[PDB]
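S.K.: Heads up: the protein sequence lines correspond to chains L and H, in order. Be aware that the first sequence starts at 1, since it is given in PDB author numbering, and climbs by one per residue. Residue numbering for the second sequence is 251 to 291, 294 to 382, 389 to 468, as defined by PDB author numbering. Quick reminder that beta carbons are idealized off the backbone N, C-alpha and C, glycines included.
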Amino acid sequence: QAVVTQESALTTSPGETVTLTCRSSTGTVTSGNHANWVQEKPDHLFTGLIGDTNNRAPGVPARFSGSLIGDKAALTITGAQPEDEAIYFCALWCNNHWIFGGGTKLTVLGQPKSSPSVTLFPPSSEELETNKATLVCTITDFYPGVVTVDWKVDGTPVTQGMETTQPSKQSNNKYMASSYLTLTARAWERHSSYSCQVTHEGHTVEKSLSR
Amino acid sequence: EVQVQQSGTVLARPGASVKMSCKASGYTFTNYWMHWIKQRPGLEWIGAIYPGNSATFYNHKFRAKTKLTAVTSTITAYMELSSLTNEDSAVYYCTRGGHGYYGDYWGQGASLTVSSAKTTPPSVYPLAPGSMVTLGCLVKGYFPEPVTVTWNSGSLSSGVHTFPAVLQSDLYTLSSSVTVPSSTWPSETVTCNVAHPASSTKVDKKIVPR
Ligand SMILES: C[C@H]1O[C@H](O[C@H]2[C@H](O)[C@@H](CO)O[C@H](O)[C@H]2O[C@H]2O[C@H](CO)[C@H](O)[C@H](O)[C@H]2O)[C@H](O)C[C@H]1O
Numbered sequence: 001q002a003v004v005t006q007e008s009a010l011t012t013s014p015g016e017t018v019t020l021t022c023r024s025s026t027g028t029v030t031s032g033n034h035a036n037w038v039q040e041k042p043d044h045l046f047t048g049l050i051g052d053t054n055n056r057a058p059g060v061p062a063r064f065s066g067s068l069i070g071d072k073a074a075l076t077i078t079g080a081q082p083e084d085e086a087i088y089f090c091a092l093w094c095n096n097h098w099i100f101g102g103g104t105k106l107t108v109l110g111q112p113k114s115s116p117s118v119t120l121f122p123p124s125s126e127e128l129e130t131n132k133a134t135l136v137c138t139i140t141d142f143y144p145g146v147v148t149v150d151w152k153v154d155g156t157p158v159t160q161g162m163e164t165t166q167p168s169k170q171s172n173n174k175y176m177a178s179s180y181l182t183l184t185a186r187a188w189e190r191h192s193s194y195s196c197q198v199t200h201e202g203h204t205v206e207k208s209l210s211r
Numbered sequence: 251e252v253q254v255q256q257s258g259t260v261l262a263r264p265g266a267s268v269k270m271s272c273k274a275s276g277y278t279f280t281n282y283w284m285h286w287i288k289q290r291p294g295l296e297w298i299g300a301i302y303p304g305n306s307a308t309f310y311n312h313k314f315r316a317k318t319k320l321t322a323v324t325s326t327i328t329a330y331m332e333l334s335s336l337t338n339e340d341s342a343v344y345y346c347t348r349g350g351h352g353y354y355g356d357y358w359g360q361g362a363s364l365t366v367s368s369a370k371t372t373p374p375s376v377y378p379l380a381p382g389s390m391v392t393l394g395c396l397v398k399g400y401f402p403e404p405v406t407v408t409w410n411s412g413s414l415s416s417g418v419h420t421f422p423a424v425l426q427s428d429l430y431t432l433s434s435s436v437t438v439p440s441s442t443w444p445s446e447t448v449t450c451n452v453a454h455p456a457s458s459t460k461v462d463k464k465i466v467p468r
């Protein structure tokens, strides 16, 4: 079987050096695992980076290099640029299968950190009229692009009935995401207070409303 | 230069099968492996074909599901997926591979959606609150993708955020917001315009105070 493990998010500044690692549950990574590294940019734009443990693919900048550092494969970016902000996936050739890591989100700080603008909107009367109630929490202008969204109904944690989009990149390079709580107008009328709680870089922004 | 060209978006029903294609350009097809990659919101390797001697490698998990072929004559590789389920909805990529790697150059990905839902128009709702004010529109319950959203027929371009669709009960939902100066609304009207080409829907929603 084998599970491939990667850091889930790393943050560096432009000009700094960062190292991403790739480990396997079947023990040490070796040469015969041919570690591959690739890059995902916004809109399913994939670029091969490193082949066979350390070969740069065609036209990859020399600041990207791959190596084994102990029992692990690593990707080292020497002198990281803002355009290296992306998801980096490693894969290993094991028992005649390419097996993928979960991908690392790398932030390369191209601008100041930015806290989210959170807006929570009530269901419209026109929707209630259809026997339904959707609450909308829009979250915009945050950077780094990593956010956790929680929903509270009268203080109780909501565990079912919500949907949150993966963070998406804005044209000014900050990030946005939306979250939805859908209830029937009858569950809507059974509770007074609703909250959308967004945590960004250890701090929580909470937006609440009452029926 | 090297280009891996993929076929387009596919829509399919449960139980059905589909063939996707990938054409090679800027290199000799017969010396490289064409691999296929599944992305579902994680990545998974399906398998790979060597067109010079038609050898293939499969992931065991996909052996019952996929069939890989290649025509060295038309420089196209193919993947057949059969007995489609919703779990096969994903974006699929073909990639060029050689010794020790599977993908230096990647195709752009072909999107596949497996659904038994029919073509449904969106229901559009205005999102009023009641310094700057944020207004929104909710585009609920449509199939298939896409819908386009403009604000004031395209006049309001600045400060607009249209979010990616999420699937709720097998239909899509999307929302769009606009932030405008608070002295500007309700005085200068704000309308969202939603079009859903598959059902030839074009609907306008004026945002009104609550
Ligand atoms: C699909 C597969 O292609 C590449 O591996 C192949 C080798 O390049 C060629 C010739 O060197 O031989 C095999 O067809 C493939 O070898 C892979 O599988 C063998 C099976 O005995 C061993 O596991 C090899 O270590 C491995 O390279 C590419 O390197 C890996 C993969 O994408």
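(1) Against chain L, does H:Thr392 count as a neighbour if the rule is that its beta carbon must be under 8 angstroms from one of theirs?
(2) Taking 8 angstroms as the threshold (beta carbon to beta carbon), is L:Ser193 in contact with chain H?
(3) Is H:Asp340 helix, strand or coil when you go by DSSP?
(4) Taking only the alpha-carbon atoms, compute the straight-line gap between H:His312 and L:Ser25 and give it to the nearest angstrom.
(5) Taking 8 angstroms as the CB-CB cut-off, is H:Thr431 touching chain L?
(6) Compare the C-alpha of H:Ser411 against each of H:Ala369, H:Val391, H:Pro378, H:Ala453 and name the closest.
(7) Within its chain, find whatever has a CB closer than 6 angstroms to the CB of residue 292 of chain L; leave out the 5 residues flanking it on each side and keep chain order.
(8) Determine the closest residue to L:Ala91 out of L:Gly32, L:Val147, L:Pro82, with distance taken between C-alpha atoms.
(9) Tell whether a beta-carbon distance below 8 angstroms holds between L:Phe121 and L:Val38.
(10) What's the call for H:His285, buried or exposed, on a 16-neighbour Cβ count within 10 Å?
(11) Taking the continuous beta strand (DSSP E) assigned at L:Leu45, which residues delimit it?
(12) Does the beta carbon of H:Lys269 sit closer than 8 angstroms to a beta carbon anywhere in chain L?
(13) If you check the beta carbons only, do L:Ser117 and L:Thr148 fall under 8 angstroms apart?
(14) Below 7 angstroms on C-beta distance, what does L:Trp98 contact in chain H?
(15) Is DSSP giving L:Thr134 helix, strand or coil here?
(16) Taking 8 angstroms as the limit between beta carbons, can you name the residues of its chain near L:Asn95, skipping five residues before and five after?
(17) On a Cα-Cα basis, can you pick out the residue from H:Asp356, H:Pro404, H:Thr408, H:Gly355 that is closest to H:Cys395?
(18) Could you give the distance in angstroms between the alpha-carbon of H:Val268 and the alpha-carbon of H:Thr431?
M.R.: The structure says:
(1) It does: the Cβ of H:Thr392 has a partner Cβ on chain L nearer than 8 angstroms.
(2) no
(3) Of the three classes helix, strand and coil, the one that applies to H:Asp340 here is helix, per DSSP.
(4) Spanning the two alpha carbons is a distance of roughly 19 angstroms.
(5) yes
(6) H:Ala453
(7) The shown model of chain L, from 1 to 211, leaves out residue 292 of chain L, and the question about it has no answer.
(8) L:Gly32
(9) no
(10) buried
(11) 45-51
(12) no
(13) Their beta carbons are not under 8 angstroms apart, which means L:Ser117 does not touch L:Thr148 by this criterion.
(14) Result: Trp297, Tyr354.
(15) Three-state result, L:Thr134: strand.
(16) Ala2
(17) If we check each option's Cα against that of H:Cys395, H:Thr408 comes out closest.
(18) 26 angstroms
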